[PDB]
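Structural description and commentary
Spelled out from the first residue to the last, the chains are:
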Amino acid sequence: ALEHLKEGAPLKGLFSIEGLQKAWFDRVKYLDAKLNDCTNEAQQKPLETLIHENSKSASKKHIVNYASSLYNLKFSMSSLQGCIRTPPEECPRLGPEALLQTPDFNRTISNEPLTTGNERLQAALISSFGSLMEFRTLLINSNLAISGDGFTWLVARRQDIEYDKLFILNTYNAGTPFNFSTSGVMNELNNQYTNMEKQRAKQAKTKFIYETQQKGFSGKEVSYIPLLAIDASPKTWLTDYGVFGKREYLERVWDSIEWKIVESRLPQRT
Amino acid sequence: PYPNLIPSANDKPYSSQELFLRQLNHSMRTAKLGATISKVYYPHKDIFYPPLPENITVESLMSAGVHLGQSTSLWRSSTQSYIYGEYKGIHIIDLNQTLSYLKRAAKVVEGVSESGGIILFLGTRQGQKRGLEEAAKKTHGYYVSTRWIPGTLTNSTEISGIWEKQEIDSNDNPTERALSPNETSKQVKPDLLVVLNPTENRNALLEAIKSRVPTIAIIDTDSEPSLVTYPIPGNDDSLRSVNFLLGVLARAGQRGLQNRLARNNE
Amino acid sequence: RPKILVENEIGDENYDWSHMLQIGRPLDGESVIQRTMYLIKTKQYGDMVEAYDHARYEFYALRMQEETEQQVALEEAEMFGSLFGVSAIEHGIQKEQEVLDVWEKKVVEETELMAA
Amino acid sequence: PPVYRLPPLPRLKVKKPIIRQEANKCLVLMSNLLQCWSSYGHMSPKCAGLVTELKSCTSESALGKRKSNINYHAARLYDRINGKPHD
Amino acid sequence: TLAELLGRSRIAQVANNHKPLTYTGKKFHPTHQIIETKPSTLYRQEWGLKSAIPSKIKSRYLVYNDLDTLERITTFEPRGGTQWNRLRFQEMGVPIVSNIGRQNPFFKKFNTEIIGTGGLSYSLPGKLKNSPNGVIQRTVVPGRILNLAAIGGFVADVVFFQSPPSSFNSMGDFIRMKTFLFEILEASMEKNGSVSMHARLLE
Amino acid sequence: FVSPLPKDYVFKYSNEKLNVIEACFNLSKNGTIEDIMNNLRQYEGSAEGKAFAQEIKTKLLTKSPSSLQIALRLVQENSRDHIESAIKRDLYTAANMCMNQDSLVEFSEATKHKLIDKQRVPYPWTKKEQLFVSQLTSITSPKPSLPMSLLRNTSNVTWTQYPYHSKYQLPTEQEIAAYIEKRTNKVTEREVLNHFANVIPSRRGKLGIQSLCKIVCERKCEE
Amino acid sequence: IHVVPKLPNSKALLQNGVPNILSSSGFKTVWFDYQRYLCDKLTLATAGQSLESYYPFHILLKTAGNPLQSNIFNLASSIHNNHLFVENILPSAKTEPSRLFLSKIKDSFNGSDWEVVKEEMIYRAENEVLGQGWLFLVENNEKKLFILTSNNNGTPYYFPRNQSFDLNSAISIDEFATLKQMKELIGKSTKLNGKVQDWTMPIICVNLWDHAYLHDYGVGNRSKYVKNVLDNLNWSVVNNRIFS
Ligand SMILES: [Mg+2]
């Protein structure tokens, strides 16, 4: 699907000739085939649109999950680029000592947006997070914490396609980064359950709590424009970096982000 | 095992007792599974697996808390030689010294056990009882947790008059013959009084020295060290440090008992 | 942050203070201080204050990482249908409630006393 | 502040440990009634329920319902709590 | 040497202080190091201190000043409430940020003043928290109104659209009984080390 | 007053090194330094042990040959004989070294080179050949030319082996072997350790005795 | 400090792996490295706490009810679950499944065959868990067995932390109702910690994490891996962890 990566020669920074394939080319194939098996239609269309159509539905759930999985990976890979560091095939794999190493995210900073233009994006990040280093710590640490199949998302709060404020969120297995598609499904289910019970307070209080959790400061609902995705699953990093080198992998990813794409994704501010 | 267990019917679920048994079985086989936990202190392990006098270090003593003496304001200056320095408003007991005295004490404990002497472990503080009883069991010895009635040795005939005496082999077999009433009424004096709180039972120490019995004591930084034959400088207040010293002593006495049994067998 | 003072074998340990995170030891101010001392010894930072600052900065990152770990673990649990019967804040509220009930009955009695 | 250390005493004890109980309900009711009768003339029906309550309280006996181990602790803990120098 | 071991060891690690255990004044942060036991060690009265601690204490946590005093008793108080306040704060998940335009102190002779927060929160402000129901915009927390509102081990300033008479005026000075929900807006931290929260009453 | 050894303690002389020493340095009635050197050269076994053997051969080469030969001659005789006689013999050989008539022990010059002049650099040596047995005897024996005598003690006693060493040190391999033989006329390692660490009253609290016994068992006996 | 336990015939395992299901490298990835890593993490979490003394299973049981300190629970759960999985795998320490076990299965699954049950389990594994997880065959206080999937570090033992289905994706009405019922049951417990009673025991744990299969089987073929595991597992161990 993507241009920047290929089957013969992967990125010099992150992945290796075999490890890249295991991470990306095979996974994508598995997902697409699965999606085809689920749905008789072979038309790809947009993935996001399909998700929106089939969300809040247990029967049309698997397909949605597979769309999310495909989309998220693609989003992650678009952001990535080459790097200065040596390939993991040359380097030795990290042992149990990697756990005890102090992280340098607090003290050091590298590969900022400023170095390749992207000034307004950097300013927006700073406004959101206090600084670049703080943002980085938020991102990488969050990704480490996920511990399983998941994705860390840099997002923008959609209220032209205007935005209010940048944010970051984690999402797991095949969770979407878009709030509007899944906002209030649980509340609806609760309401249905209450209706069923009636047919056959605390519940009212719980509903009220749910409502106040959901609803924003003004608008009827809220949505998030994704700017950056970073995968957290063993699928990618176990091949090259082993068990102990998740943090190292994340560092490498961070070094090799193409910030121009992220900047382009970022819409105009209010 | 479990002869009175009424097992539930196959169509029915588990009974309460049956369920408990299943849980026990799980615990024995597969609960302690995922990992093993090396280098960690279990309190019970000092009573049931104390180290030999040889293998004790200064580090182990420090971990036990033996180094922590009474207080700067509760200082008997008689004990000055034993103390290392002061810190946190507390005198700290020189622990190399403690070690050497402990070894000396341990050796004398072993010796009397080997000779087949009556060792008596005296420990009036609250938590000390169970460990004291264990120590007494380990060597074929004796203990006192409930208070020491003044005059057990000095006034033995009045106090310890109506309790059963026994006979013993070169081994420790009762050889149950009838003791004569003259044979029974004589005092049976200990050959080692070993106390865990000498400051709390001065009295016991005083008859020991009157009754001509060598004695061992955990001398804290407020206790008089001249009041018994073999003082061990250390922290008598904390329960675990006392147990550690006591457990060591028991182990030393146990060894000597084993040696005696071996030489009897020979 | 609660501190266990009951020592495990002091002889058994073997900490290289090249880094803060030792295995048997937890992360705390002590670990920082040990790191500072190590730095002083090695003369990476000749000044004591600078070494202390460095150790503090090492600690902070680790603490932040720890904080993030727990939150994300909680999030994961929430996502995958885990159920926590009593949350910490809920527990606290419950604890307060009993005390308040005790106070109220007493307070009413005291007011009655005062009236008469 | 100025600490005050006592000398060695024979026995630390309070001669009358107060076990400050709550005041009697019947007495309170009687006082309330008295207060009411200070106002509102001699016997107006504003204090109609109060009198009834008092009567109910003081039916079996004039009062309704009929010690602190403090000098069992002092005696116990004197020897500890002393700053008495060693023997 | 022994001296070195002593300096390393867990009693030396507890930084000494003679602050009151009973302080009836304003408490903005922890005074004393909380000290826990394990259950096993509690069972045989051992806390890793100079002496045994009374069998009357059944709580695993405590606070102390002196290992041993002239009165022949360790000066302690069996309570570790400060950890629970911190844990409540963490649960609430409202990240502390300096309202004054300043860099975060954790990033980059001696200053005794509090470096940023005192370490109740090492959380960073930029994150969102998703759930089954969705992305939580407003943090819902139950608290009690005093007259100010007690919200999960912290007192907090409160604001509302209209002052509700039915709940307030029915029980004027027994408002502490009824727990109300709150929407916590933000948490600032002043120079004295007080956490100045700001909540909003929900009905 | 003893203390246990640290947990990072390792006994310098490994098993394979001890084995190679045993192989090489054990000699017959008429053994020599040359014979030892030959043995070292032709030893075969572990690679590390072979390297060790080579190293010790090198350091023997570096040192003086005549002195080594003299030492070799002395040691068997001293093992055979009693203390006082051995001491006398040692005194005689020291005297001979001091006043070398035959001029076959370059000692004083070597001492000057080392102790007096400079710490660095070994002595080149000016005498390297196999001395005869009669010559060796003459070197380590008295004559009527010079009178020789030790100064009289209060306790003028003579014995073949030490009266009080064997009790108050770690027990020799030989003693362990003898014990094993006695036991035979089943046996196991733990039982042996118990016997040595508990039964023997002089050696109950010996510091590194169990470890030593274990090492001995590893080296010699089999399952 | 928590350290990995010594497996029987460890050197042989290192040389080979496991005859049928896992390679030398693949076994190292799942156990000799990953398990160690997990143990280290658990130690780091619970170094100075009271949790240091307890075993992983007992830690998990302690922690389960607490919403915070979920990381500890996750780690402890993983450690225990992974060692159960390894125990199931191991060749020795040929064995057939027990007669009693077969009878219990028959009672549970409407008188179906063991092959059928296996097939149902693999289908469940395929469908239920996305990403990582665990696949247990458990037994509860009602003597019949049942199949239990968990989504990453969900324990089979304690039902509020079964972690049995993903609410990140959309869910059914029936599933929601079940969740609501569970929540109600939890609320009914009435203790200060707020922890229900539960007597679920695992009989056949299987590791649906990528640390087991991904090296050998690739990103696909997790089902195939699961099938292989089911075919070749230590039956004596299973039999031992079955009877009351
Ligand atoms: Mg004392």
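About the criteria used
Residues numbered from 1 in each chain as written, not as in the entry; some residues may be left out. Chains lettered and ligands numbered in written order. Part of a larger assembly, values for the part shown. Heavy atoms only, no water. Residues with missing side-chain atoms left out of burial classes, pairs and counts. Helix = DSSP H or I, 4+ residues; strand = E, 2+ residues; numbered from the N terminus. Rg over C-alpha atoms; globule rule 2.2 N^0.38 Å. Donors = N, O, S within 2.8 Å, 3.2 Å for Na, K, Ca; no water. Buried < 20%, exposed > 50% of the residue type's maximum accessible area, 1.4 Å probe, protein only. Patch = residues over 30% accessible without salt bridge, like charges linked within 9 Å, V, L, I, M, F, W, Y side chains within 5 Å. Areas by Shrake-Rupley, 256 points an atom, 1.4 Å probe, with all protein chains shown as cover. Salt bridge = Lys/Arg side-chain N within 4 Å of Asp/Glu carboxyl O. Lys, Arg positive; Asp, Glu negative; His and termini not counted. Charge placed at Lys NZ, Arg CZ, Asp CG, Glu CD. Contact = heavy atoms within 4.5 Å. Buried area = accessible area lost by both parts, 1.4 Å probe. Nonpolar A, V, L, I, M, F, W, Y, C, P; charged D, E, K, R; others polar. Expected span 1.5 Å × (residues − 1). 1 Å grid on protein atoms, 1.4 Å probe; cavity = no way out; pocket = protein on both sides within 12 Å on 5 of 7 lines; lining within 4 Å. Points joined across faces, edges and corners; volume = space filled by probe spheres on them. Arc of directions from axis to C-beta. Axes fitted to C-alpha atoms, helices over the stretch in contact; angles between N-to-C directions. Parallel < 35°, antiparallel > 145°, perpendicular 65-115°, else oblique. Left-handed = near helix turned anticlockwise from the far one by under 90°.

- Listed as the method for this PDB entry is cryo-EM; the listed resolution is 4.97 Å.

Some points on the overall build of chain G
- Counting its secondary structure elements, chain G contains 10 helices and 6 strands.
- Here the C-alpha radius of gyration of chain G, 18 Å, is about what a compact globule of 244 residues would show, namely 18 Å.
- For chain G, the C-alpha atoms occupy an extent of roughly 50 × 50 × 35 Å along the three principal directions.

With respect to the coordination of the magnesium ion
Residues and elements named next belong to chain B.
- Around the magnesium ion, the protein contributes the donor atoms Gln70 (OE1), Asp236 (OD) and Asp237 (OD), which lie 2.3 to 2.8 Å from the metal centre.
- Taken in chain order, the donor set of the magnesium ion reads Q-x165-D-D. Take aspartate 236 and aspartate 237: they sit in the same class, and that class is buried.

Section: a negative patch on the surface
- A contiguous patch of negative charge, built from C:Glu109, C:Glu110, C:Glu112 and D:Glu22, is present on the exposed surface.
- Checked against the element boundaries, C:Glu109 lands in helix α3 (residues 88-115).

Observations regarding unusual backbone geometry
- Here the phi dihedral of F:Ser103 falls at roughly 60°; this positive angle occurs in a residue that is not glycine.
- Relative to the helices and strands, F:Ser103 is located in the loop between α5 (83-98) and α6 (108-117).
- Of note in this structure, G:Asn110 is not a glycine but carries a positive phi near 55°.
- When its relative accessible area of 78% is taken as the criterion, G:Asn110 is described as exposed.

Points about the interface of chain E and chain C
- Taken together, the 51 residues of chain E in the interface contact 40 residues of chain C.
- Between chain E and chain C, roughly 4500 Å² of surface is buried when both sides are summed, and carbon and sulfur atoms account for 59% of that area.
- Among the residues of chain E in contact with chain C, E:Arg10, E:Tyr122 and E:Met177 are the three that bury the most area, contributing 18% of the side total.
- Here C:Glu96 makes a salt bridge to E:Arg144, at a shortest N to O gap of 3.3 Å.
- Those elements giving two or more residues to the side of chain E that touches chain C turn out to be α1 (2-8), α2 (10-13), β1 (35-36), β2 (61-66), α4 (81-92) and β4 (140-145) of chain E.
- The class makeup of the residues in the side of chain E that touches chain C is 23 nonpolar, 13 polar and 15 charged.

With respect to helix α4 (residues 65-80) of chain F
- Across its 16 residues, α4(F) extends 23 Å between first and last C-alpha, which sits within 8% of the 22 Å expected from 1.5 Å per residue.
- Taken as a whole, α4(F) has its buried residues at F:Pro65, F:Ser66, F:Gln69, F:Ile70, F:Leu72, F:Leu74 and F:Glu77.

A few points about empty space enclosed by the protein
- If you add up the space inside the largest cavity, you get close to 270 Å³.
- Forming the boundary of the largest cavity are 21 residues, of which A:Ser147, A:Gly148, G:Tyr37, G:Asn153 and G:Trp209 lie nearest the centre.
- Elements with a contribution of two residues or more to the lining of the largest cavity: α9 (234-241) of chain A, α2 (48-79) of chain C together with α2 (24-45) and α4 (70-89) of chain G.
- Tallied by class, the residues present in the lining of the largest cavity amount to 10 nonpolar, 7 polar and 4 charged.

Examining helix α10 (residues 209-219) of chain F
Residue and element names in this part refer to chain F.
- Among all positions of α10, only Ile209, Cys213, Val216, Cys217 and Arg219 are buried. Looking straight down α10, one finds its buried side chains confined to an arc of 165°; they lie on one side.
- In the core, the buried residues of α10 are packed alongside α1 (15-25), α8 (173-184) and α9 (189-199).

Thoughts on the packing of helix α6 (residues 132-146) of chain A against helix α10 (residues 246-255) of chain A
All names here are of chain A.
- α10 packs onto α6 with a crossing angle of 140° between their chain directions and a minimal axis gap of 10 Å. Relative to α10, α6 is oriented oblique. Judged by the twist between their axes, the crossing of α6 over α10 is right-handed. Contacts between α6 and α10 involve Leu132, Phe135, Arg136, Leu139, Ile140, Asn143 and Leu144 from the former and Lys246, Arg247, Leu250, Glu251, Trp254 and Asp255 from the latter.
- Class assignment for the residues of the contact of α6 with α10 results in 7 nonpolar, 1 polar and 5 charged.

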